[PDB]
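Down below is the structure, laid out as structure tokens.
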Amino acid sequence: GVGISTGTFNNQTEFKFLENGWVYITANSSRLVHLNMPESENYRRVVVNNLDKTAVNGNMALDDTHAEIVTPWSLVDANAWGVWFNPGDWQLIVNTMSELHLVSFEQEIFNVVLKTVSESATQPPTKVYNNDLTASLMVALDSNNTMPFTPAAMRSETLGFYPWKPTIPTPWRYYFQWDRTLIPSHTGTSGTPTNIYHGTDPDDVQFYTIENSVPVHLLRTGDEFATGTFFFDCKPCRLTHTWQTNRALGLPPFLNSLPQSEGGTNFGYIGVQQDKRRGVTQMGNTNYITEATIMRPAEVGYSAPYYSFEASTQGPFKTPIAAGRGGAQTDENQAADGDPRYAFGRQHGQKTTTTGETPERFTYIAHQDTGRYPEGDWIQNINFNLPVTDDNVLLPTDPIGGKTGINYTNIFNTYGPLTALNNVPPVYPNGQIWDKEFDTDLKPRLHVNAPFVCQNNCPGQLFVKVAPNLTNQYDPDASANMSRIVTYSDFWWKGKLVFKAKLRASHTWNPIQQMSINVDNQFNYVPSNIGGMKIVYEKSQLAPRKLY
Amino acid sequence: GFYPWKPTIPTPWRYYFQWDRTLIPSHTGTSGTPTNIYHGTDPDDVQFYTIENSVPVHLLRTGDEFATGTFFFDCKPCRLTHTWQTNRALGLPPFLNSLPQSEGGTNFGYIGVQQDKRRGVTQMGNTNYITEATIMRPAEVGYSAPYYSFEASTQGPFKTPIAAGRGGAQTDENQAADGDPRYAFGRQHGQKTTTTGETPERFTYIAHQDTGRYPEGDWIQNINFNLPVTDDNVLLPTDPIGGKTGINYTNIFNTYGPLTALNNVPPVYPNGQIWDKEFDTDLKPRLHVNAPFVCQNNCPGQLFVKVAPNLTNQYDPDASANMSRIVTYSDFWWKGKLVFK
Amino acid sequence: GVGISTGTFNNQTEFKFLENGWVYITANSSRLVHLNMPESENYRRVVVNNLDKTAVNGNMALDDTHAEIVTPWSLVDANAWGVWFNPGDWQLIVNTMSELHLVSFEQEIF
Amino acid sequence: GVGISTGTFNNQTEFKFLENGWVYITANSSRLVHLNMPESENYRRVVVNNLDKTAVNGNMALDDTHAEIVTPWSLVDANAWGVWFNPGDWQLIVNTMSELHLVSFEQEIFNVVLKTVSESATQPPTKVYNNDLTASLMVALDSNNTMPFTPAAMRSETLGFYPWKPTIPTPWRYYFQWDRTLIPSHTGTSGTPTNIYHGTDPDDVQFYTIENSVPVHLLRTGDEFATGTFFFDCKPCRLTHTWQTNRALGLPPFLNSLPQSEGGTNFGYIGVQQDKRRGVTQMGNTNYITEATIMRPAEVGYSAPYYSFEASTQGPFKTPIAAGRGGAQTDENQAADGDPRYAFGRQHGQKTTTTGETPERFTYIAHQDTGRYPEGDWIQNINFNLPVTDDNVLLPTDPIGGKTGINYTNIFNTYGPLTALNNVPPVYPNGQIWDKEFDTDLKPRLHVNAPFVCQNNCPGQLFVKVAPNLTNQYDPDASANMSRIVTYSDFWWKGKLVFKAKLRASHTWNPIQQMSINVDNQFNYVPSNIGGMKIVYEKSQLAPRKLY
Ligand SMILES: [Mg+2]
Ligand SMILES: [Mg+2]
Ligand SMILES: [Mg+2]
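Line order of the protein sequences matches chains A, B, C and D. Just so you know, we're using the numbering used here here: the first sequence kicks off at 21 and counts up by one. Just so you know, we're using the numbering used here here: the second sequence kicks off at 10 and counts up by one. Just so you know, we're using the numbering used here here: the third sequence kicks off at 308 and counts up by one. Just so you know, we're using the numbering used here here: the fourth sequence kicks off at 21 and counts up by one.
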């Protein structure tokens, strides 16, 4: 009833250790959530079109042109690592465990509260807030996944990462179909490259409403809403990085001459003429067998176009990359590897005392050396007469199509039936946790936004909405105003995410990478002179593995 | 060794230790010293193994013996037949309206329908031309791959491997575009055992299965398909790319795709590998080029031997100096059983 | 003990034919193996670096630079067709049979 | 018999996980061990007397004067962390587990080899080594602890820490009673300070022999010897360090003025006059209640004399200290905290390529802040009239007994019924693991050389010795040389030490200290261009605890 709570706050993280080193990680998460009534109780089809920026020529990539359905509903998305784990938790997870399974997920909404403002009482005149006891909060759970999947992690719009700080849902909205052409150009190109918004292919129109798809529950103060327990099935996510590239696969060449004093240039030498060697290569011409020449069983990682933009029906988009990291010491190629860059604000990691509209950012460079360093690429002519002529080799220096700043590697692609890959590492805290699988007849070997993909069915999305609180004058047949009492709601959200992981074991003489503090660093994990505070990105695959 | 009556030996064991390394490519004309450095060792990638800490060690004296269990494999079957069909020979050939009427070497048969007045299906939305090189096929046999492509990551550059082959007609093959493997070996493994000299015997395996490419026959036409085609409307393997005499588009070309069909590598007798471990990658290769059998399972363990330290009477471990050991060596017999079905 | 053999030499290749034309090829292989004590009883981390060849320009493909752990252990590897089959065996296999399964593998030292 | 092995080498470390997060660490260790025949087959009472160094005056601390029984036996001591764990193993233990039990210990000797040198033959001439098949190696296990406990860890004379490098036992010797007086002095003192070795108190004489106390087993090649499985019973050793000193126990004083801008001098203030404050102190005079005055429930750590030397019957010796560390930012009174210092050579950590007689060293400074910084000590007068008078306070500056470099803290002792302590942390790899308890009617609350103390029964010491291989010429009635065939032995030793550990859990928002590598550091855990190698000291109590 009114004066009786309907739930319990629990943001406790339990680690239940079992037999055969399987651990049963139960992550609890609770938040106080704040919610206002919709801007309007209507669904809207809105179009965005920034010709003001695209007609600039050489500005094709800044396209934001799209169409959208704006719903009066808000989404409660807790699909992000930072919702479930604090740094201390992650440390434990990452340093001590070898793989990670996604087991189950459940959530409930409780201690619902509704208050009306209204206002103006009296002189100076200030504002005043009263309870509307009979008022309702609409909750709807799309458990059939009828509706478009919109993970909020991509826009850094999930729930807050701090337990003691309140949070909010985000207004729900989704993509509506649109045709669109945009011909690329450069600064020199004059005239106007055609840049048009064609409209909407009727054969592709899908207008969804919560109301026609999902049962909605009305919750008053004394009501509570709980979901079942959803059980996952996915591949395990591994918490070890592979360090081997092709150049370190298999049996090393026997060294006939080993060093005889310590030091930094006391090298060992193979001791056989490169053309008098025994072994196997895939080069039918020469008898050279060198480390770059010697056959390897397959190919680790792959080369992909960068920065390639491709275009279909609805405009241009970047071509995504799987691998990374590929560069040597402190030098990479963040675009050839496709290392992701996260931008977020206060609620999700940025220092909460920071004023200003500018977000905090970082670029996740994985530990797994499976990417490329295209600067080191080349292509020789069939004859392999070497030292190689300028006419017989194509370097990443030699311009392509008569452009100084383009070389062959920008359009290069070495994916093939010998390509080997890892899945993306978890990015704490802003990374996504699970992601729906494309309903295409043939599917992606992975996703770049999340390590766990539900291929049969994912948990449904959770939607909330303040119930229409009408005044005494309401004429629906009038075009004019919907006059509603200004109403808003506070409700508590609790979730339980269960993982099951496996403990790692030492197979080397040496110790290995692990997180810690650090006299540097040490200050990213405590509040400040005022109420703190900050959460910092922090890797995931610290321990080395072994490809081969 | 490959000969039952001739003794043999193991090989000293050694394995890869991590290193960072950069090497920028260059040609003879190139000025300067292209950067060429050995950066060192990524500490996050350091793995030092010992037999001693990982594997139980048996001490065998004369009267002792050591036998392993029987390891059971599970892999796909390896096929001992080659395929000969390329796309140009898949399916129903076109009906001939004029059959030859005397035997001989140029008594060809003729289809007998104008190329633009023929029935059938193509993937060319423009023309009404249906020719054997144009007619649709259910998928694509074999694939085009870069050659000789070198790619580079963390530890230096390496050649890009190829799957298919052979693709050239008879006499002429592109041993690099098909990636036909070349084996080098000595006396113990095939070379005539009487031959002195450090120079190894060699061969290049050219498979029987016609699934490779002959890039000299490749080309790309412009969308309009106005033919005989203008020099500006076609890109040949003759036309230089990036302004280099010896490079054309096929050198960087890649037609691997969702319609690609492939076979696994054929066994290479006697120098070929038999089975091979699978990469512990989250996503795996569809095949390996060094062996026909790959263990998705777990593979038989490697077997290591070592002579026990036979010490003299003077041994001081606290001494930096030479470990003085009695000179010792061993003879032992090895028997194996490999069962196929 | 000392004066007593502990195994038997067998390099015989058996073809056991079954029903529905499945064959059961058991390739036996035996060798006398020779082994000396290690150069040193130690593990070594050795680096190879042939700038001598790579600095040449146009010689990138001749790179041999790598790092390596050198152990006092030796490896007994029989992973090669020639270890198990003579030419004649191979002829039989290749001419008369359509596919090949890898079933089992065991080995001993005696 | 002859051609048949009697055991198998195993230096493998197994981690068996159970339920409720108990781990079952089974450490296996195997070594090849080398042993030459005794210098003589006799027991000897040798006296050492370096008057050469002690007559110097001011050289009291350099005393080596003692008596010793020298035995023809050698001792196989494996009591040191490095015998059982590689660094990688130790990493695992220290980073993921909260405590540690010592469960059981067994060992065996197998694959015995006996060879006689014997000798010249021929030109120029070199030596040759043959097997003596019928010869024996004597093995004796004193399982009743009849004989003096001599842990070799104290002299860095345990087995080797490297599995693939052979090792040796050490000649066994034990203390024999002796009287001895040495009066202390300084450089200025002349005349001759009485410095005498009085002899031996007959009432205290104990001459032990292996032969009369322990059954001796003769092992020829085909024999093997295994001990039983010994089960320990001791307290758990903890793998977490405490950080609270008295100044941080309990309820902090309420701040009435909290800072309102971030920064480094933006302090908060208690906001009440120090004499107008509420609370409890043990100072009956003043009404001052400050962080330095406010009562605490008891006392963490204790102050002890340094460098104190005390003297009894057999001479002077340092006074041992329990706690440590006590100083703040990178400066420790390594004497006031009794921080231990270890010396060792190649076999146990020093770089093995290093020539030269100088040992490698380090000083273990623990993580547990429970020591003292005596420079910060002082003593005020009963009246507590402050700011305080020079004659009303005693500082660590004011000299005692009129010596410039001596202050009160050097003779100070604040052990008391309110004293709280921890046991010593494990020192990897050179630290002792277990230690016997003193057979005194009253016992120490701990030992400083090792964390596990067997009050129970400790595993017996293992002694080996080459059996006397006589020549044909032997006359016992003759004074002349024992003529023996030159003989030495190779045998393998294998041990199994079992622990029981418990996995830790995250209790804080922040992550915590853990071992890793490190761009520094990274080279202490791999061999070199030649055969390495080095083992480096690395702490043990990395995760923080909570006293109160
Ligand atoms: Mg790396
Ligand atoms: Mg053919
Ligand atoms: Mg401290």
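Each residue gets a CB set at the ideal place from its N, CA and C atoms; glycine is no exception.
Can you grab the Cα-Cα spacing for the pair residue 609 of chain D / residue 191 of chain D, in whole Å? Residue 609 of chain D cannot be examined here, being either before or after the span of chain D that is shown, 21 to 568.
Counting only beta-carbon atoms, is residue 502 of chain D nearer than 8 Å to chain A? Here residue 502 of chain D corresponds to residue number 482 of the fourth sequence, with the count starting at 1. False, the Cβ-Cβ gap to chain A never drops below 8 Å.
With a threshold of 7 Å (Cβ to nearest heavy atom), would residue 166 of chain D be considered close to ligand 1? Along the fourth sequence, read from residue 1 onward, the residue named residue 166 of chain D stands at position 146. Judged by the Cβ position, residue 166 of chain D fails to qualify as a neighbour of ligand 1 at the 7 Å threshold, every heavy atom of the ligand being at least this far.
Considering only C-alpha positions, which residue in the set A:470, A:78, A:475, A:468 is nearest to residue 460 of chain A? To locate residue 460 of chain A, count along the first sequence from 1; it is residue 440. Nearest option by C-alpha distance: A:475.
Interfacial residues, the segment 334–351 of chain C to chain D, with Cβ spacing under 7 Å: If the cut-off is 7 Å between Cβ atoms, the segment 334–351 of chain C has 347, 348, 349, 350, 351 near chain D.
For chain A, check one thing: does any of its Cβ atoms lie closer than 8 Å to the Cβ of residue 217 of chain B? Locating residue 217 of chain B in the second sequence gives position 208, where the first residue counts as 1. The Cβ of residue 217 of chain B sits no closer than 8 Å to any Cβ of chain A.
Comparing C-alpha positions only, which one of D:46, D:28, D:74 sits nearest to residue 52 of chain D? Along the fourth sequence, one-based indexing puts residue 52 of chain D at 32. The residue with the shortest Cα to Cα distance from residue 52 of chain D is D:28.
Using only the heavy atoms of ligand 2, determine whether one of them is closer than 7 Å to the beta carbon of residue 193 of chain A. Against the first sequence, residue 193 of chain A aligns to sequence position 173. Relative to ligand 2, residue 193 of chain A has its C-beta separated by 7 Å or more from all heavy atoms.
Which first and last residues belong to the alpha helix (DSSP H) in which residue 216 of chain A is found? Walking along the first sequence from the start, residue 216 of chain A turns up at place 196. Looking at the DSSP string, residue 216 of chain A is not in any alpha helix (DSSP H); the run it does join, the beta strand (DSSP E), is 215–219.
Which residues of the segment 344–366 of chain D have a Cβ closer than 9 Å to any Cβ of chain A? Give them in chain order. Of all residues in the segment 344–366 of chain D, none has a C-beta nearer than 9 Å to a C-beta of chain A.
Less than 8 Å separating the beta-carbons of residue 547 of chain D and residue 349 of chain C? Here the question's residue 547 of chain D lines up with position 527 in the fourth sequence. Here the question's residue 349 of chain C lines up with position 42 in the third sequence. In this structure, residue 547 of chain D places its C-beta atom within 8 Å of the C-beta atom of residue 349 of chain C.
Would you mind telling me which residues of chain E sit closer than 8 Å to residue 155 of chain B, beta carbon to beta carbon, in chain order? Reference to chain E is not applicable here, since the protein chains of this structure are A, B, C and D.
Quick one: is residue 258 of chain A near chain B, going by C-beta distance under 8 Å? Counting from 1 along the first sequence, the entry for residue 258 of chain A is found at position 238. By the rule that beta-carbons nearer than 8 Å mark a contact, residue 258 of chain A touches chain B.
Counting C-beta neighbours from all protein chains within 10 Å, is the total for residue 377 of chain D 16 or more, i.e. buried, or is it exposed? For this step, residue 377 of chain D is matched to residue 357 along the fourth sequence. Per the 10 Å Cβ criterion, exposed.
Does the CB of residue 359 of chain B have a neighbour CB from chain C at under 8 Å? In this structure chain B extends from 10 to 350, so residue 359 of chain B is not present and cannot be described.
Residue 510 of chain D versus residue 133 of chain D: straight-line alpha-carbon distance, rounded: The residue given as residue 510 of chain D occupies position 490 in the fourth sequence. The residue given as residue 133 of chain D occupies position 113 in the fourth sequence. Roughly 5 Å separates the two Cα atoms.
Minimum length 3: unbroken beta strand (DSSP E) runs contained in the segment 241–309 of chain B: Listed in chain order, the complete beta strand (DSSP E) runs (minimum 3 residues) inside the segment 241–309 of chain B are 284–286, 302–304.
Please state the DSSP three-state secondary structure of residue 366 of chain A. To locate residue 366 of chain A, count along the first sequence from 1; it is residue 346. Residue state for residue 366 of chain A is assigned as helix, using DSSP reduced to three classes.
Whose Cβ in chain C lies nearer than 8 Å to the Cβ of residue 548 of chain D? Within the fourth sequence, the letter at position 528 stands for residue 548 of chain D. In chain order: 351, 352.
8 Å is my cut-off, CB to CB: does residue 508 of chain D come that close to chain B? The count along the fourth sequence starts at 1 and reaches residue 508 of chain D at position 488. True, the Cβ-Cβ gap to chain B drops below 8 Å.
Among A:156, A:338, A:401, A:254, which has the Cα closest to the Cα of residue 520 of chain A? Against the first sequence, residue 520 of chain A aligns to sequence position 500. It is A:254 whose Cα lies nearest to the Cα of residue 520 of chain A.
Taking C-alpha atoms, which residue in D:410, D:356, D:272, D:238 lies nearest to residue 489 of chain D? To locate residue 489 of chain D, count along the fourth sequence from 1; it is residue 469. Checked all of D:410, D:356, D:272, D:238; the closest Cα to residue 489 of chain D is D:238.
Could you compute how far the alpha carbon of residue 390 of chain D sits from the alpha carbon of residue 443 of chain D? Taking the first residue of the fourth sequence as position 1, residue 390 of chain D is located at position 370. Taking the first residue of the fourth sequence as position 1, residue 443 of chain D is located at position 423. Note on geometry: alpha-carbon atoms of residue 390 of chain D and residue 443 of chain D lie some 11 Å from one another.
At the level of alpha carbons, what is the spacing between residue 141 of chain A and residue 277 of chain D? Within the first sequence, numbered from 1, the residue matching residue 141 of chain A stands at position 121. Within the fourth sequence, numbered from 1, the residue matching residue 277 of chain D stands at position 257. Spanning the alpha carbons of residue 141 of chain A and residue 277 of chain D requires a straight line of approximately 34 Å.
Near-chain A residues of the segment 238–264 of chain B - C-beta to any C-beta below 9 Å: Under the 9 Å Cβ criterion, the segment 238–264 of chain B contributes 249, 250, 251, 252, 253, 254, 255, 256, 260, 261, 263.
Could you say if the segment 176–194 of chain B and the segment 272–289 of chain A meet the contact criterion of at least three C-beta pairs nearer than 8 Å? Contact fails: fewer than three Cβ-Cβ distances are below 8 Å.
Just to confirm the assignment: which complete alpha helix (DSSP H) runs, minimum length 4, are found wholly within the segment 131–158 of chain D? Segments of the alpha helix (DSSP H) lying fully in the segment 131–158 of chain D: there are none.
With a threshold of 8 Å between beta carbons, is residue 528 of chain A in contact with chain D? Mapped onto the first sequence, residue 528 of chain A falls at position 508. Judged by the 8 Å Cβ criterion, residue 528 of chain A is in contact with chain D.
Just verifying my parser: in three-state terms, what is the DSSP assignment at residue 41 of chain A? Translated into positions along the first sequence, residue 41 of chain A becomes position 21. DSSP places residue 41 of chain A in helix when its eight states are reduced to three.
Mind checking residue 311 of chain A: buried by the 16 CB within 10 Å criterion, or exposed? As a first step, residue 311 of chain A is located in the first sequence; it is residue number 291 there, counting from the start. Its Cβ being crowded by 16 or more others within 10 Å, residue 311 of chain A is buried.
Under 8 Å: do the segment 260–274 of chain D and the segment 529–541 of chain A share three or more Cβ pairs, one atom per stretch? No, they do not touch.
With DSSP run on the structure shown, which of helix, strand or coil describes residue 396 of chain D? Within the fourth sequence, residue 396 of chain D is the residue found at index 376, counting from 1. Residue 396 of chain D: helix per DSSP, three-state reduction.
Could you check whether the segment 310–326 of chain A touches the segment 156–168 of chain B, counting it as contact only if at least three pairs of C-beta atoms, one from each stretch, sit closer than 8 Å? Taking 8 Å as the limit for Cβ pairs, the verdict is that the segment 156–168 of chain B does touch the segment 310–326 of chain A.
Grab the span of the beta strand (DSSP E) containing residue 28 of chain B for me, first residue to last. By one-based count along the second sequence, residue 28 of chain B stands at place 19. Bounds of any beta strand (DSSP E) do not take in residue 28 of chain B, whose DSSP letter is neither H nor E.
Compare the C-beta of residue 524 of chain A against all C-beta atoms of chain B and say whether one is closer than 8 Å. Indexing the first sequence from 1 puts residue 524 of chain A at position 504. False, the Cβ-Cβ gap to chain B never drops below 8 Å.
Neighbour-count burial assignment, residue 95 of chain A, 16 or more Cβ in a 10 Å radius: For the purposes of this step, residue 95 of chain A is taken as residue 75 along the first sequence, with counting starting at 1. For residue 95 of chain A, the number of other beta carbons within 10 angstroms of its own is at least 16, and it is reported as buried.
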